[PDB]
>>> print(open('input-v1.pdb').read())   # PDB, C-alpha atoms and all ligand atoms
ATOM      1  CA  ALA A  24     -22.526 -85.461 134.405  1.00  0.00           C
ATOM      2  CA  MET A  25     -20.590 -88.273 132.821  1.00  0.00           C
ATOM      3  CA  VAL A  26     -20.944 -89.290 129.177  1.00  0.00           C
ATOM      4  CA  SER A  27     -19.291 -92.477 127.943  1.00  0.00           C
ATOM      5  CA  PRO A  28     -16.890 -92.260 124.977  1.00  0.00           C
ATOM      6  CA  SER A  29     -17.635 -93.035 121.348  1.00  0.00           C
ATOM      7  CA  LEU A  30     -16.404 -96.243 119.700  1.00  0.00           C
ATOM      8  CA  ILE A  31     -15.601 -97.459 116.194  1.00  0.00           C
ATOM      9  CA  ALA A  32     -15.047-100.724 114.337  1.00  0.00           C
ATOM     10  CA  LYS A  33     -12.802-100.399 111.263  1.00  0.00           C
ATOM     11  CA  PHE A  34     -13.150-103.114 108.609  1.00  0.00           C
ATOM     12  CA  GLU A  35     -10.229-103.556 106.193  1.00  0.00           C
ATOM     13  CA  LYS A  36      -9.925-105.237 102.795  1.00  0.00           C
ATOM     14  CA  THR A  37      -7.563-108.223 102.514  1.00  0.00           C
ATOM     15  CA  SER A  38      -7.256-111.389 100.460  1.00  0.00           C
ATOM     16  CA  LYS A  39      -9.968-112.809 102.750  1.00  0.00           C
ATOM     17  CA  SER A  40     -12.589-110.122 102.089  1.00  0.00           C
ATOM     18  CA  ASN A  41     -13.213-106.939 100.130  1.00  0.00           C
ATOM     19  CA  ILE A  42     -15.527-105.609 102.871  1.00  0.00           C
ATOM     20  CA  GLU A  43     -14.218-102.306 104.164  1.00  0.00           C
ATOM     21  CA  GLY A  44     -15.534 -99.298 106.016  1.00  0.00           C
ATOM     22  CA  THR A  45     -16.625 -98.427 109.522  1.00  0.00           C
ATOM     23  CA  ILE A  46     -19.332 -98.777 112.127  1.00  0.00           C
ATOM     24  CA  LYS A  47     -19.331 -95.815 114.551  1.00  0.00           C
ATOM     25  CA  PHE A  48     -21.112 -95.754 117.935  1.00  0.00           C
ATOM     26  CA  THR A  49     -21.813 -92.366 119.464  1.00  0.00           C
ATOM     27  CA  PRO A  50     -23.941 -91.320 122.461  1.00  0.00           C
ATOM     28  CA  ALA A  51     -27.338 -90.009 121.346  1.00  0.00           C
ATOM     29  CA  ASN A  52     -30.560 -88.773 122.969  1.00  0.00           C
ATOM     30  CA  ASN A  53     -32.813 -90.476 125.524  1.00  0.00           C
ATOM     31  CA  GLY A  54     -30.482 -93.253 126.594  1.00  0.00           C
ATOM     32  CA  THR A  55     -29.627 -94.457 123.091  1.00  0.00           C
ATOM     33  CA  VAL A  56     -26.470 -94.943 121.060  1.00  0.00           C
ATOM     34  CA  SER A  57     -26.320 -93.816 117.457  1.00  0.00           C
ATOM     35  CA  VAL A  58     -24.888 -96.434 115.098  1.00  0.00           C
ATOM     36  CA  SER A  59     -23.480 -95.242 111.744  1.00  0.00           C
ATOM     37  CA  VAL A  60     -22.683 -98.014 109.237  1.00  0.00           C
ATOM     38  CA  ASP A  61     -20.614 -97.233 106.128  1.00  0.00           C
ATOM     39  CA  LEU A  62     -19.488-100.331 104.224  1.00  0.00           C
ATOM     40  CA  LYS A  63     -18.512-101.203 100.659  1.00  0.00           C
ATOM     41  CA  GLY A  64     -17.043-104.198  98.922  1.00  0.00           C
ATOM     42  CA  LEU A  65     -19.753-106.564 100.114  1.00  0.00           C
ATOM     43  CA  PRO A  66     -20.254-109.877  98.157  1.00  0.00           C
ATOM     44  CA  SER A  67     -23.938-109.119  97.568  1.00  0.00           C
ATOM     45  CA  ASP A  68     -25.225-112.414  96.116  1.00  0.00           C
ATOM     46  CA  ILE A  69     -24.243-114.335  99.266  1.00  0.00           C
ATOM     47  CA  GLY A  70     -26.054-111.846 101.489  1.00  0.00           C
ATOM     48  CA  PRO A  71     -28.034-110.381 103.041  1.00  0.00           C
ATOM     49  CA  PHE A  72     -25.440-110.157 105.793  1.00  0.00           C
ATOM     50  CA  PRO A  73     -26.217-110.554 109.500  1.00  0.00           C
ATOM     51  CA  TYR A  74     -23.819-108.693 111.761  1.00  0.00           C
ATOM     52  CA  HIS A  75     -23.443-108.882 115.524  1.00  0.00           C
ATOM     53  CA  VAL A  76     -21.254-107.957 118.447  1.00  0.00           C
ATOM     54  CA  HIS A  77     -19.237-111.021 119.472  1.00  0.00           C
ATOM     55  CA  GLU A  78     -17.654-111.875 122.801  1.00  0.00           C
ATOM     56  CA  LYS A  79     -13.892-111.927 122.129  1.00  0.00           C
ATOM     57  CA  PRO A  80     -11.451-109.654 120.239  1.00  0.00           C
ATOM     58  CA  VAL A  81     -10.288-110.232 116.689  1.00  0.00           C
ATOM     59  CA  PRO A  82      -6.719-111.536 117.170  1.00  0.00           C
ATOM     60  CA  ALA A  83      -3.728-110.416 115.128  1.00  0.00           C
ATOM     61  CA  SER A  84      -4.302-113.359 112.756  1.00  0.00           C
ATOM     62  CA  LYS A  85      -7.651-111.772 111.732  1.00  0.00           C
ATOM     63  CA  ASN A  86      -9.403-115.113 112.322  1.00  0.00           C
ATOM     64  CA  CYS A  87     -13.061-114.169 112.696  1.00  0.00           C
ATOM     65  CA  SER A  88     -13.783-117.554 114.296  1.00  0.00           C
ATOM     66  CA  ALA A  89     -11.646-116.499 117.260  1.00  0.00           C
ATOM     67  CA  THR A  90     -14.245-113.887 118.277  1.00  0.00           C
ATOM     68  CA  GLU A  91     -16.292-116.896 119.506  1.00  0.00           C
ATOM     69  CA  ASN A  92     -19.971-116.503 120.355  1.00  0.00           C
ATOM     70  CA  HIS A  93     -22.454-113.654 120.221  1.00  0.00           C
ATOM     71  CA  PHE A  94     -22.480-111.016 122.955  1.00  0.00           C
ATOM     72  CA  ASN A  95     -25.723-112.023 124.679  1.00  0.00           C
ATOM     73  CA  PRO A  96     -25.757-111.261 128.417  1.00  0.00           C
ATOM     74  CA  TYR A  97     -29.555-111.577 128.690  1.00  0.00           C
ATOM     75  CA  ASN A  98     -29.888-114.769 126.653  1.00  0.00           C
ATOM     76  CA  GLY A  99     -32.001-113.358 123.851  1.00  0.00           C
ATOM     77  CA  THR A 100     -33.027-115.488 120.895  1.00  0.00           C
ATOM     78  CA  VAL A 101     -32.118-115.422 117.213  1.00  0.00           C
ATOM     79  CA  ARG A 102     -35.777-114.822 116.279  1.00  0.00           C
ATOM     80  CA  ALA A 103     -38.179-112.665 118.254  1.00  0.00           C
ATOM     81  CA  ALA A 104     -41.254-110.446 118.068  1.00  0.00           C
ATOM     82  CA  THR A 105     -39.942-107.394 119.955  1.00  0.00           C
ATOM     83  CA  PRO A 106     -36.455-105.854 119.855  1.00  0.00           C
ATOM     84  CA  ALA A 107     -35.653-106.438 123.535  1.00  0.00           C
ATOM     85  CA  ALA A 108     -35.915-110.213 123.038  1.00  0.00           C
ATOM     86  CA  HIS A 109     -32.864-110.215 120.770  1.00  0.00           C
ATOM     87  CA  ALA A 110     -29.347-110.399 122.140  1.00  0.00           C
ATOM     88  CA  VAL A 111     -27.832-107.026 123.045  1.00  0.00           C
ATOM     89  CA  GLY A 112     -25.317-107.379 120.253  1.00  0.00           C
ATOM     90  CA  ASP A 113     -27.746-108.685 117.622  1.00  0.00           C
ATOM     91  CA  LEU A 114     -27.666-105.484 115.604  1.00  0.00           C
ATOM     92  CA  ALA A 115     -28.934-107.081 112.386  1.00  0.00           C
ATOM     93  CA  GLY A 116     -31.796-108.920 114.082  1.00  0.00           C
ATOM     94  CA  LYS A 117     -33.074-105.669 115.584  1.00  0.00           C
ATOM     95  CA  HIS A 118     -32.274-103.177 112.809  1.00  0.00           C
ATOM     96  CA  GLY A 119     -31.878-105.119 109.560  1.00  0.00           C
ATOM     97  CA  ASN A 120     -29.202-107.133 107.787  1.00  0.00           C
ATOM     98  CA  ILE A 121     -26.544-105.361 105.770  1.00  0.00           C
ATOM     99  CA  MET A 122     -27.424-105.740 102.129  1.00  0.00           C
ATOM    100  CA  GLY A 123     -26.080-104.819  98.725  1.00  0.00           C
ATOM    101  CA  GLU A 124     -22.563-104.196  97.533  1.00  0.00           C
ATOM    102  CA  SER A 125     -22.604-100.972  99.563  1.00  0.00           C
ATOM    103  CA  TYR A 126     -24.551-100.126 102.702  1.00  0.00           C
ATOM    104  CA  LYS A 127     -24.795 -96.803 104.538  1.00  0.00           C
ATOM    105  CA  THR A 128     -27.276 -96.364 107.358  1.00  0.00           C
ATOM    106  CA  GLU A 129     -27.839 -94.620 110.688  1.00  0.00           C
ATOM    107  CA  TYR A 130     -29.993 -95.756 113.589  1.00  0.00           C
ATOM    108  CA  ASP A 131     -30.306 -95.606 117.361  1.00  0.00           C
ATOM    109  CA  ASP A 132     -29.911 -98.712 119.524  1.00  0.00           C
ATOM    110  CA  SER A 133     -31.273 -98.605 123.065  1.00  0.00           C
ATOM    111  CA  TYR A 134     -29.540-101.748 124.402  1.00  0.00           C
ATOM    112  CA  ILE A 135     -25.813-101.598 123.612  1.00  0.00           C
ATOM    113  CA  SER A 136     -23.845 -99.527 126.122  1.00  0.00           C
ATOM    114  CA  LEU A 137     -20.719 -97.392 125.849  1.00  0.00           C
ATOM    115  CA  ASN A 138     -20.400 -97.460 129.654  1.00  0.00           C
ATOM    116  CA  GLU A 139     -17.672 -99.838 130.877  1.00  0.00           C
ATOM    117  CA  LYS A 140     -19.635-100.407 134.115  1.00  0.00           C
ATOM    118  CA  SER A 141     -22.709-101.697 132.250  1.00  0.00           C
ATOM    119  CA  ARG A 142     -23.487-105.361 131.656  1.00  0.00           C
ATOM    120  CA  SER A 143     -24.379-104.281 128.085  1.00  0.00           C
ATOM    121  CA  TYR A 144     -20.979-102.653 127.384  1.00  0.00           C
ATOM    122  CA  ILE A 145     -19.587-103.328 123.903  1.00  0.00           C
ATOM    123  CA  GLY A 146     -16.160-101.705 124.203  1.00  0.00           C
ATOM    124  CA  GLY A 147     -13.308-104.108 123.686  1.00  0.00           C
ATOM    125  CA  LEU A 148     -15.555-106.569 121.847  1.00  0.00           C
ATOM    126  CA  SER A 149     -15.775-107.263 118.113  1.00  0.00           C
ATOM    127  CA  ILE A 150     -18.205-107.112 115.210  1.00  0.00           C
ATOM    128  CA  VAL A 151     -18.553-109.993 112.743  1.00  0.00           C
ATOM    129  CA  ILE A 152     -20.262-109.731 109.347  1.00  0.00           C
ATOM    130  CA  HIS A 153     -21.653-113.048 108.085  1.00  0.00           C
ATOM    131  CA  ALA A 154     -22.810-114.355 104.774  1.00  0.00           C
ATOM    132  CA  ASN A 155     -26.435-115.390 104.777  1.00  0.00           C
ATOM    133  CA  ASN A 156     -25.395-118.999 105.492  1.00  0.00           C
ATOM    134  CA  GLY A 157     -23.459-117.938 108.581  1.00  0.00           C
ATOM    135  CA  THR A 158     -19.924-117.989 107.194  1.00  0.00           C
ATOM    136  CA  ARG A 159     -17.862-115.229 108.800  1.00  0.00           C
ATOM    137  CA  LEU A 160     -16.648-112.848 106.085  1.00  0.00           C
ATOM    138  CA  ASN A 161     -14.878-110.017 107.936  1.00  0.00           C
ATOM    139  CA  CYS A 162     -14.599-108.760 111.484  1.00  0.00           C
ATOM    140  CA  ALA A 163     -13.260-105.817 113.433  1.00  0.00           C
ATOM    141  CA  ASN A 164     -12.406-104.816 116.975  1.00  0.00           C
ATOM    142  CA  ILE A 165     -14.466-102.118 118.689  1.00  0.00           C
ATOM    143  CA  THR A 166     -12.039 -99.384 119.797  1.00  0.00           C
ATOM    144  CA  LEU A 167     -12.152 -95.733 120.869  1.00  0.00           C
ATOM    145  CA  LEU A 168     -13.212 -93.237 118.187  1.00  0.00           C
ATOM    146  CA  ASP A 169     -11.333 -90.203 119.577  1.00  0.00           C
ATOM    147  CA  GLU A 170      -7.633 -89.903 120.400  1.00  0.00           C
ATOM    148  CA  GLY A 171      -7.942 -87.293 123.123  1.00  0.00           C
ATOM    149  CA  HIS A 172     -10.109 -87.332 126.248  1.00  0.00           C
ATOM    150  CA  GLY A 173     -10.564 -85.543 129.580  1.00  0.00           C
ATOM    151  CA  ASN A 174     -12.269 -82.349 130.712  1.00  0.00           C
ATOM    152  CA  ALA A 175      -9.146 -80.249 130.038  1.00  0.00           C
ATOM    153  CA  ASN A 176      -8.242 -81.686 126.626  1.00  0.00           C
ATOM    154  CA  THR A 177      -8.988 -81.198 122.980  1.00  0.00           C
ATOM    155  CA  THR A 178      -8.749 -83.848 120.238  1.00  0.00           C
ATOM    156  CA  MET A 179      -6.664 -83.154 117.158  1.00  0.00           C
ATOM    157  CA  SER A 180      -5.983 -86.124 114.878  1.00  0.00           C
TER     158      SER A 180
HETATM  159 CU    CU B 201     -22.130-112.706 114.361  1.00  0.00          CU
END
>>> encode(input="input-v1.pdb", output="C-alpha cells")
Amino acid sequence: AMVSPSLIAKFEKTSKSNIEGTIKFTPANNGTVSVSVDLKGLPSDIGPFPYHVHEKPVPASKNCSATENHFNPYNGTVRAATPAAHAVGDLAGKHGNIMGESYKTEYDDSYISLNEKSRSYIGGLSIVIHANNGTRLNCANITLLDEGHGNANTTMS
C-alpha cells in the first residue's frame, strides 16, 4: 500500500522578517496529516497571525505577493461554523492563528493531502504568514522533507 511523502516549509530570517522555523507535514492516522509548527521571531503585537497555503510558489525574489491567492479548490469561506467549510489551505481558520513571539504546536488536518493525484494536494505550493491586518510577513515553499525515497532505499542526511 502506497503512502504519500512528507513535506516541509522552511521559513528564513531576512531584512524583511525575523520569522524563522518550519512547518512539517507528515502522514498520520485515519486519513489525516500531522502538522508540526515551530516558529520564532514573530512580531507579536501585529498578530495574531493567520497562515494559509497559497496557490503559487515563492519566487527567488522572496516576494510573498507572488504566491497569489489562497489554495481553495472547494471555494470555502473565510468565516465558517464547521471546519470543512473553510478552504483546504486555511490552516489558521481551522486550527488557530499563530500567536506570540514563538509558537510551537502539533495538530492533525483531515483536508490537506500529500497525494499528488488529489485535488487537495499541497505539494509544490507555498505557505504565507500574515499580520493581523493581512500584510504578508514571510512565506515559504512546501518541499519534500526527506532526501531519499523508494522501497529499496534509506535516507541519510
Ligand atoms: Cu495567506
>>> resolve_selection(input="input-v1.pdb", expression="the PyMOL selection byres (((chain A and resi 97) around 12) and not hetatm)", output="number ranges by chain")
A: 93-96, 98-100, 107-113, 134-135, 142-143
>>> resolve_selection(input="input-v1.pdb", expression="the PyMOL selection byres (((chain A and resi 26-37) around 10) and not hetatm)", output="PyMOL selection string")
chain A and resi 24-25+38-50+56-64+85+136-139+145-152+161-169+172
>>> resolve_selection(input="input-v1.pdb", expression="the PyMOL selection byres (((chain A and resi 156) around 10) and not hetatm)", output="VMD selection string")
chain A and resid 69 to 73 153 to 155 157 to 159
>>> axis_aligned_box(input="input-v1.pdb", around="region 62-80 of chain A", padding_each_side="8 Å", output="AutoDock Vina command-line options")
--center_x -19.7 --center_y -107.3 --center_z 109.5 --size_x 32.6 --size_y 30.0 --size_z 42.7
>>> closest_residue(input="input-v1.pdb", among="A:92, A:141, A:125, A:55", to="residue 77 (chain A)", atoms="all atoms listed in the file")
A:92
>>> atom_distance(input="input-v1.pdb", atom1="CA of residue 117 (chain A)", atom2="CA of residue 78 (chain A)")
18.1 Å
>>> closest_residue(input="input-v1.pdb", among="A:101, A:175, A:76, A:122", to="ligand CU 201 (chain B)", atoms="only C-alpha atoms and all ligand atoms")
A:76
>>> atom_distance(input="input-v1.pdb", atom1="CA of residue 133 (chain A)", atom2="CA of residue 75 (chain A)")
15.0 Å
>>> atom_distance(input="input-v1.pdb", atom1="CA of residue 83 (chain A)", atom2="CA of residue 140 (chain A)")
26.7 Å
>>> closest_residue(input="input-v1.pdb", among="A:115, A:104, A:67, A:86", to="ligand CU 201 (chain B)", atoms="all atoms listed in the file")
A:115
>>> closest_residue(input="input-v1.pdb", among="A:126, A:114, A:81, A:180", to="ligand CU 201 (chain B)", atoms="only C-alpha atoms and all ligand atoms")
A:114
